[PDB]
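Participant: Here is the sequence, then the experimental structure:
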Amino acid sequence: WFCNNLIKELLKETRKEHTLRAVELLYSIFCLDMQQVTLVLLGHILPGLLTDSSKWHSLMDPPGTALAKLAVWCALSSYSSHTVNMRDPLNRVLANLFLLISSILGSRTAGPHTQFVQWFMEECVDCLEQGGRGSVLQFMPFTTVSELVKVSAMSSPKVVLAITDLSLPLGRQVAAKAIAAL
Amino acid sequence: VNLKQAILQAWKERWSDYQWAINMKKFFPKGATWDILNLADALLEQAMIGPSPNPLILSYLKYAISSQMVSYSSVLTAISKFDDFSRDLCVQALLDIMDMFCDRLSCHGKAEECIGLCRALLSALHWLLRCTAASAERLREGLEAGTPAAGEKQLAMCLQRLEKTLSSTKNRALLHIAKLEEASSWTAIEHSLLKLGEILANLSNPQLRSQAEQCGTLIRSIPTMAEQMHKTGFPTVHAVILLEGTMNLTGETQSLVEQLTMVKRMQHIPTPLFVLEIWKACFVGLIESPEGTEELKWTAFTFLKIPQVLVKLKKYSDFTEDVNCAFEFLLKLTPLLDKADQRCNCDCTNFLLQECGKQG
Amino acid sequence: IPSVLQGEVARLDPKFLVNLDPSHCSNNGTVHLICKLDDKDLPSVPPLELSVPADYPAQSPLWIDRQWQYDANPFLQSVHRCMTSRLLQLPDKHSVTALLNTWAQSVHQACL
Amino acid sequence: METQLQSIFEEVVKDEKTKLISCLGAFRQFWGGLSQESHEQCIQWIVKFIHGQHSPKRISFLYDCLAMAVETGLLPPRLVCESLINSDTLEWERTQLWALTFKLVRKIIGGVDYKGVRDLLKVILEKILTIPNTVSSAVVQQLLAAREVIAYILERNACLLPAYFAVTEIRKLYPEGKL
Amino acid sequence: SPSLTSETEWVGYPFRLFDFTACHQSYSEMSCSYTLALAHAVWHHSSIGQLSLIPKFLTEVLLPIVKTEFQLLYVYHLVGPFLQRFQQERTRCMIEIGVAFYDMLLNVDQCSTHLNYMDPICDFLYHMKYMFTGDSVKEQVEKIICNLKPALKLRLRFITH
């Protein structure tokens, strides 16, 4: 209820400065039980927004970039605090989130959902640090949509190995076939 | 041999580029497969033999490159295995080869040999630096004997690099992804660069030295992996400290240090503004505080605990200059500081200054 | 895959071996193509990358022009001149077979 | 008027840059003999024919010819751009006309007077408004050519127009409270 | 004052701290913000004749002092919101204050190395031109724009031409 009725407030602000201030503040209002807030935000709210076709109009550009920043910050902060054990709920919800990212990137329809997912990817690249080595928790069947974030690049090269699971045998091939295009 | 013998069948039978193609198609049937090592190798040394590269044999190589015929990778390897002992213009011929090709590296197709392609690009970078070293030795022995004419021309060949994709996870990131199997080649980029440290600073050509240092930094930009005019101020750090004061005072210093480093990284907070916001939040919580038994909490927080947090932060990074700049920012806020002086009943910044100075 | 292009690709002449572009996702309305001439008589040239406006037929399949392909050499630039001219002549209803046939004629006429 | 113009049309229906320099020579004669007041309907019929051809390559090289006609000063920038982005044929549905049109406007917009840049920005924003909130995954990249012309008009390093005019038009077409 | 003349490196974004609506609800006010606040109320309630002293005050005793960029931004923040009052009753003081604003920009250009906030300055100037002054300040501003650094002239080109 908390995350829903605060993101619903963030998504109504029309001016850029206010949405950025709003997410900067929501990150700290959320630090209360950051872990569960991350679980619920990512799992139940971002798929709900990305799979409605009528909540899509809220993800427009001034409020959408803010929500993308907040989601990336939440994901990084929930993981960085205290093969990978898929029994940990955070890992399962991150896997589901990136699977949905994939299905949205490579889908017949494009719209504000595609732009929001690209923005989430761009931000996850920007604030990428040593903690989230593999685009934190890109699942093994993933890196298959690195090809899609290349075909729909709107983004410089060399961010894709930052995405890519480097230091891996299959990672070599996937990153190479990828950058071959862009 | 027999495959070499076709290039001879064009030794001075200046057949053409196109008739060369059709001849190759006839002679060695393309039924199963080819370009394992055949065309690039069979063409290279039969062209570069002796002083001048055979213009027509080199012409067919230019062709096969342009028509996406051989590999775009076996060509790089063939140029890599070239052994600069040819002190003559032939190196310039191979540079002319690299010209039209290097800027665009498609390698699209089976694309499994794309890791092979970055392997080849690494070997070609090694060959490039080796040619640079040979041409710089020619520069030096010419400063001894002969005025340079074409010594630095391979610098433009390095400027053919230095674009993103030419040095992106095509070259750089797959350079290390490749040293995962060819760590000797990472040591190779280090090693050629070691002797480059010897053969770089001695040259007296200023502009060329600057471009060479640029390429050398882009090599040192193999570790490669914004918003300078951060205008609005940083409110999330404010709220993070303020929450850590209100709800959870007794929480370990390590937890708050962890939370605060994260936010600084994610939002790229300049270190002067970080401490400004921490100290502003502490004071604001102190001023807007309940009267009796919560005020001690804010003051204990502000004056004892945040100092140890900043000490641990100093450990986790010129931090003295930085906190000095932060306090200079803070002193230039007379309203907040004077309300603090009012409420705390004593000079709230004289004390904070002495207390912060008492630590590291 | 539009399953009409499937037909036209099925019924072609063997020399024009055509596959779908590894780059892109042919899934969405228009499938890209990466077709590479063969045929013993000809001279191997650079591939021709096709794009079909899924509303096709009654929609000409785009060509992808690039001097990055042909600039180097004379044979290649002559190929490009002949190709662009003849393609401009092709009327208003191009089918993939029309493009590839035109390309074969262009290679051949450049061999002159 | 109409007859010789239709004749040039039948010609362009009936070495490529050489054919194009021949078409430019054909254009220059009619222009030297074209009236000074009927320029507007002239260009309107010109672009009307340009959009009729359903072949991406044909509209491509006709647009290249128009780029020479506007670059070599024979054709006024304001009139040609306004006509290009002011037509009834220009619809987001026909993706190829859209892509090529805005790739042309990007090139020739540099040089319109600042009043004309205001009018053009107004009409281009009005054109992007018609695009709905859901488009096929394929058209997106080509449709996004409008973002290119908007970006070039807006970028203050281009200083094509008074920035204040740009914000005035943008706000009139996007009042406070609407994304 | 040190707050704007020399120690400008320690006050942050000018457009921020020169607002006291915000920068107060979060206790980050400065003395300059207070003075600019009390100078908008005094001028809001004043009569037209009392503000008729603002044009003279801008040239005789403010034009020589203002050198740095923050000083120019401060003078703009003060006298800006009241062009709307000057225009409707006393049409000449607006011309004088426009001539003063451009002259102050000349001074701030002829004394600083890089006009960091060129974009907002030029924005406000174009706003002045298009909303209040119109085409009645051309002759006096032509000379002043002629003598700015090339970057400023590139932007303010359309004011006259």
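Facilitator: Perfect, thanks for sending it. Residues are numbered from 1 along each chain as shown, chains lettered A, B, ... in the order given.
Participant: host element of the residue lying closest to residue A:145 once chain neighbours are set aside?
Facilitator: On the basis of CB to CB, 6 or more residues apart in numbering or on different chains, the spatially nearest residue to residue A:145 that is not a chain neighbour turns out to be residue A:102, at 4.0 Å. Placement of C-beta: from N, CA and C, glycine included. For residue A:102, the element it lies in under DSSP states H and E is helix A:89-105.
Participant: Show me which helix runs longest in the chain.
Facilitator: Just so you know, I chose chain A. In terms of residue count, the longest helix belonging to chain A (DSSP state H) is helix A:61-80.
Participant: my bad, chain E
Facilitator: helix E:91-109.
Participant: so how far is that helix from its chain's centroid?
Facilitator: 8 Å (CA atoms, centre = their mean, to the nearest Å).
Participant: Can you tell me what sits against it?
Facilitator: Surrounding helix E:91-109, the residues in contact under the criterion CB atoms under 8 Å, 6 or more residues apart in numbering or on different chains are E:51-52, E:54-55, E:58-59, E:62-63, E:66-69, E:71-72, E:75-76, E:79, E:83, E:86-87, E:115, E:121, E:125, E:128, E:132-133, E:136-137, E:140-141, E:144-145, E:147-149, E:152.
Participant: My read is that residue E:125 contacts residue E:159, right?
Facilitator: Yes - the pair residue E:125 and residue E:159 qualifies as a contact (CB atoms under 8 Å) at a distance of 6.9 Å.
Participant: Need the overlap of contacts for those two.
Facilitator: With CB under 8 Å, 6+ apart, residue E:125 and residue E:159 have no common neighbours.
Participant: What ranges does chain C have for its helices?
Facilitator: Counting by DSSP H, the segments of chain C that form helices are C:5-10, C:74-89, C:96-111.
Participant: how about the first one: buried residues?
Facilitator: Along helix C:5-10, the positions that meet the burial threshold by neighbour count (16 or more other CB atoms under 10 Å in any protein chain shown) are C:5, C:8-9.
Participant: try stretch B:67-87
Facilitator: With burial defined by 16+ other CB under 10 Å, the residues of stretch B:67-87 counted as buried are B:67-80, B:82, B:84, B:86.
Participant: Then stretch C:15-25?
Facilitator: The neighbour-count check on stretch C:15-25 (16+ other CB under 10 Å) flags C:16, C:18, C:20-25 as buried.
Participant: Just the terminal-to-terminal distance for it.
Facilitator: From its first residue to its last, stretch C:15-25 covers 25 Å (CA to CA, to the nearest Å).
Participant: is it anywhere near chain B?
Facilitator: Yes - Stretch C:15-25 comes into contact with chain B when judged by CB under 8 Å from any CB of the partner chain, the residues involved being C:21-23.
Participant: Is any residue of that stretch near chain A?
Facilitator: Yes - Stretch C:15-25 is in contact with chain A by CB under 8 Å from any CB, via C:22-25.
Participant: starting at the chain centroid, how far to that stretch?
Facilitator: Using CA atoms, centre = their mean, the distance between the centre of stretch C:15-25 and that of its chain works out at 10 Å.
Participant: Can you list the neighbours in contact with it?
Facilitator: For stretch C:15-25, the external contacting residues (CB under 8 Å, 6+ apart) are A:106, A:147-148, A:150-151, A:177, A:181, B:108-109, B:111, C:1, C:9, C:12, C:26, C:31-39, C:42, C:49-50, C:96, C:100, C:104.
Participant: again, only using 6 Å
Facilitator: Stretch C:15-25 is contacted by residues A:106, A:151, A:181, B:108, C:9, C:26, C:31-35, C:38-39, C:100 when judged by CB atoms under 6 Å, 6 or more residues apart in numbering or on different chains.
Participant: Who are the contact partners of the most centrally placed residue in chain D?
Facilitator: Centre of chain D computed as the mean C-alpha position; nearest residue by CA atoms, centre = their mean is residue D:84, 3.3 Å away. When the contact criterion is CB under 6 Å, 6+ apart, the partners of residue D:84 are D:47, D:101.
Participant: The residue of chain D found nearest chain E: neighbour count?
Facilitator: Taking CB to the nearest CB, chain E has its nearest neighbour within chain D at residue D:164, 4.1 Å off. The criterion is other CB atoms under 10 Å in any protein chain shown. On that basis, residue D:164 has 19 neighbouring residues.
Participant: out of everything not next to it in sequence, what's closest to it?
Facilitator: Distances taken as CB to CB, 6+ apart put residue E:126 closest to residue D:164, at 4.1 Å, once the chain neighbours are dropped.
Participant: What of residue E:136?
Facilitator: Going by CB to CB, 6+ apart, residue E:136 has residue E:95 as its nearest residue, at 6.4 Å.
Participant: Likewise for residue B:172?
Facilitator: Using CB to CB, 6+ apart, the nearest residue to residue B:172 is residue B:222, at 4.9 Å.
Participant: Now for that neighbour, how many residues are close by?
Facilitator: Counted with other CB under 10 Å, the neighbours of residue B:222 add up to 16.
Participant: so it sits right up against residue B:171, yeah?
Facilitator: No - because the distance of 8.4 Å does not satisfy CB atoms under 6 Å, residue B:222 is recorded as not touching residue B:171.
Participant: Tell me the residues of chain A that contact chain D?
Facilitator: By CB under 6 Å from any CB of the partner chain, the part of chain A that sits against chain D consists of A:14, A:60, A:62, A:108-111.
Participant: which two in the residues you listed are spaced the farthest apart?
Facilitator: Maximum pairwise distance among the residues of chain A next to chain D (CB to CB): 30.0 Å, between A:14 and A:108.
Participant: Appreciated, that's everything.
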